[PDB]
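Take a look at the letters that make up each chain.
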Amino acid sequence: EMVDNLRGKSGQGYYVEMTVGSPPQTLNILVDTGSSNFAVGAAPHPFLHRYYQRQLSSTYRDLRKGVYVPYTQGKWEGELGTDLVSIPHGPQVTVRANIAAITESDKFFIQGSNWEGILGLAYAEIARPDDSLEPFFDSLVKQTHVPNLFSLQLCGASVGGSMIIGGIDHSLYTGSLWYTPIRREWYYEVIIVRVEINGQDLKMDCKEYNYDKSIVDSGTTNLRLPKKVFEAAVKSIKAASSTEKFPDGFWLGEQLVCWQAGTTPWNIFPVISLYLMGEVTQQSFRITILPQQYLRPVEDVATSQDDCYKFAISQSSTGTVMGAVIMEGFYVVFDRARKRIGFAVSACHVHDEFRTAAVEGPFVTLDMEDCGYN
Ligand SMILES: CCNc1cc(C(=O)N[C@@H](Cc2ccccc2)[C@H](O)CNCc2cccc(C(F)(F)F)c2)cc(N2CCCCS2(=O)=O)c1
Ligand SMILES: CCNc1cc(C(=O)N[C@@H](Cc2ccccc2)[C@H](O)CNCc2cccc(C(F)(F)F)c2)cc(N2CCCCS2(=O)=O)c1
């Protein structure tokens, strides 16, 4: 019943159907492993087709406290309250949860996205205004018998996939699940120990990859990399693809790259391997990313004699973000109960006739260095 319960549009997040209030008001809610506030449009906005109407809910309780959340992209402010929340195509559970009723926003809501709010699935430590505001998943686990785990299978304008709450769906992946420790419970923080491009080690001190943290973030589109890592990665991708030359603006995400329909030269773009810390000392596994992931298609009927793409790798000053383009085609298990994140090749994994996304291990290094930045 939970399979294929996610929809989206490319670059605009994946959402699940939810209800808030009693009687239930149906809203589409963006699934975000990169924050911890459950928030819903609660006043008219140019890009909202619908919004939460507190006055129509018998079960609403105002908490008499405002809240402000600035993301990497977008920001909102609203009023805290609590109400009943359900997931019609999730576990047949309903919980009373904290809800931020958004009454003002700036570059948050997206024209044509089909979602009206956001479900922050990370830990209390990064909830606003502070960690006493219990996140939704914590409320769900406490109030129901749901096991303390969820999994996301994001598939690659319309996109889809599945969120499985309280379990692992074996029909959604092949091969082995490989686990990386959640380093600290705030974001879903993990450790990258090695990066390869086109099979060639980037050859940096591994702490650089995690300056100042690395996170798994379904709510962010791109692979985001620390400046020094971004610059080295762009250099390596440019070199591997040097049979064709693209404008500087493409590499900065300012510009599209386009080819005649059906002729995208995938083979000239390299594979990227991120090695994630294993559960055992100096052991790791790698997830391999194809250009079908990091060249994000941009749908536009005006450009449709062509296939056009945005470079979905960008610079960060706040550490690494493994966003949606990285997660797509993997089955990603957020095993909160065992403080670990599992990766496997998903049922909707990306591949062509030459190459495929992969999750492979184990790998061993003799280097005794801790790759964590702090
Ligand atoms: C899905 C919408 N496209 C993008 C969304 C976000 C982003 O900030 N996502 C946050 C949720 C969100 C979803 C939809 C619209 C707007 C925001 C996600 O929560 C960020 N997670 C890290 C974070 C950063 C700062 C504060 C917090 C806090 F914890 F919530 F406070 C979390 C970033 C982003 N990037 C920056 C542009 C250039 C492209 S990008 O991918 O590099 C593209
Ligand atoms: C904090 C829980 N609010 C509420 C919980 C339930 C309830 O009975 N939940 C059961 C599932 C359900 C889903 C949708 C409609 C009706 C029922 C659930 O199976 C009960 N689980 C045991 C339980 C009961 C009470 C408290 C708790 C708790 F875990 F301690 F919180 C658990 C109903 C409810 N209301 C529905 C609108 C109209 C009035 S209401 O108060 O009855 C508020």
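Residues numbered from 1 in each chain as written, not as in the entry; some residues may be left out. Chains lettered and ligands numbered in written order. Heavy atoms only, no water. Residues with missing side-chain atoms left out of burial classes, pairs and counts.

The protein chain is annotated in the PDB entry as BETA-SECRETASE 1 from Homo sapiens. What the UniProt record of the protein chain gives under Sequence similarities is the line "Belongs to the peptidase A1 family." (UniProt positions renumbered as here; feature names shortened; annotations may be inferred.)

Assigned secondary structure in the protein chain consists of 5 helices and 26 strands. Across its three principal axes, the protein chain shows a C-alpha extent of roughly 65 × 50 × 35 Å. (Helix = DSSP H or I, 4+ residues; strand = E, 2+ residues; numbered from the N terminus.)

Right, let's get into helix α1 (residues 136-143). Buried residues of α1: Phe 136, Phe 137, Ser 139 and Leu 140, and no others. Buried residues of α1, seen end-on, are gathered within an arc of 160° and therefore sit on one face of the element. (Buried < 20%, exposed > 50% of the residue type's maximum accessible area, 1.4 Å probe, protein only. Arc of directions from axis to C-beta.)

The next point concerns the domain arrangement of the protein chain. By domain assignment, the protein chain separates into domain 1 (14-146) and domain 2 (147-374). Computed from C-alpha atoms alone, the centre-to-centre distance between domain 1 and domain 2 is 27 Å. Between domain 1 and domain 2, roughly 2,100 Å² of surface is buried when both sides are summed, and carbon and sulfur atoms account for 64% of that area. Taken as a group, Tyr 14, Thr 33 and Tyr 123 account for 39% of the area that domain 1 buries against domain 2, more than any other trio of residues on that side. In this structure, the connection of domain 1 to domain 2 is made through 2 salt bridges. Note that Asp 138 is salt-bridged to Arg 336, the shortest N-O span being 3.2 Å. The tally of links from domain 1 across to domain 2 stands at 11 residue pairs in polar contact. Contributions of two or more residues to the side of domain 1 that touches domain 2 are made by β2 (14-20), β3 (25-32) and α1. The dominant element in the side of domain 1 that touches domain 2, judged by the number of residues it contributes, is α1, at 4 residues. Tallied by class, residues from the side of domain 1 that touches domain 2 come to 14 nonpolar, 5 polar and 3 charged. (Domains from an automatic or database assignment. Buried area = accessible area lost by both parts, 1.4 Å probe. Salt bridge = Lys/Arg side-chain N within 4 Å of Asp/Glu carboxyl O. Polar contact = N/O pair within 3.5 Å; in protein donor to acceptor, adjacent residues only side chain to side chain. Nonpolar A, V, L, I, M, F, W, Y, C, P; charged D, E, K, R; others polar.)

Residues in contact with ligand 1 amount to 25 residues; listed here are only the nearest, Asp 32, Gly 34, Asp 217, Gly 219 and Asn 222. A distance of 3.5 Å separates an oxygen atom of ligand 1 from a polar side-chain atom of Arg 224. In the complex, 86% of the free accessible area of ligand 1, which totals 830 Å², lies under the protein chains. Listed by contribution, the elements that provide at least two residues to the shell around ligand 1 are β3 and β5 (61-70). In terms of residue class, the shell around ligand 1 is built from 9 nonpolar, 12 polar and 4 charged. Each of two domains, domain 1 (14-146) and domain 2 (147-374), supplies a minimum of three residues to the shell around ligand 1. (Near = heavy atom within 4 Å. Areas by Shrake-Rupley, 256 points an atom, 1.4 Å probe, with all protein chains shown as cover.)

With that settled, consider the site of ligand 2. Around ligand 2, the structure places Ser 22, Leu 84, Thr 94, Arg 96 and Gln 143. Contact with the protein chains hides 28% of the accessible area of ligand 2, taken as 790 Å² for the molecule alone. Its residues assigned to classes, the shell around ligand 2 comprises 1 nonpolar, 3 polar and 1 charged.

Another aspect to go through is the sheet that holds strand β26 (residues 358-364). If you walk across this open sheet you meet the 5 strands as β14-β13-β18-β19-β26, and the pairing is antiparallel. Two strands in the sheet have a free side with no partner beyond their single neighbour: β14 (200-201) and β26. As defined by bridge partners, strand β13 (residues 192-197) adjoins β14 across 2 bridges and the pair is classed as antiparallel. Residue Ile 197 lies in a different strand from β14, and its bridge partner there is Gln 200. (Pairing = 2+ DSSP bridges.)

It is worth spelling out the pattern of salt bridges at this point. Under the criterion given, the structure shown has 14 salt bridges. For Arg 50, the salt bridge goes to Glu 116, with nearest N and O atoms at 3.1 Å. In this pair, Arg 50 sits in the loop between β4 (38-41) and β5 while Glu 116 sits in the loop between β7 (94-106) and β8 (117-120), placing the two residues 66 residues apart along the sequence. The class of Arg 50 is partly exposed, set by a relative accessible area of 32%. The buried category is assigned to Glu 116, whose relative accessible area is 3%. Here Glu 196 ties to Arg 194 by a salt bridge, and the two come within 2.7 Å at their closest N and O atoms. Each of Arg 194, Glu 196 and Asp 201 takes part in salt bridges that share partners, so that together they form one network.

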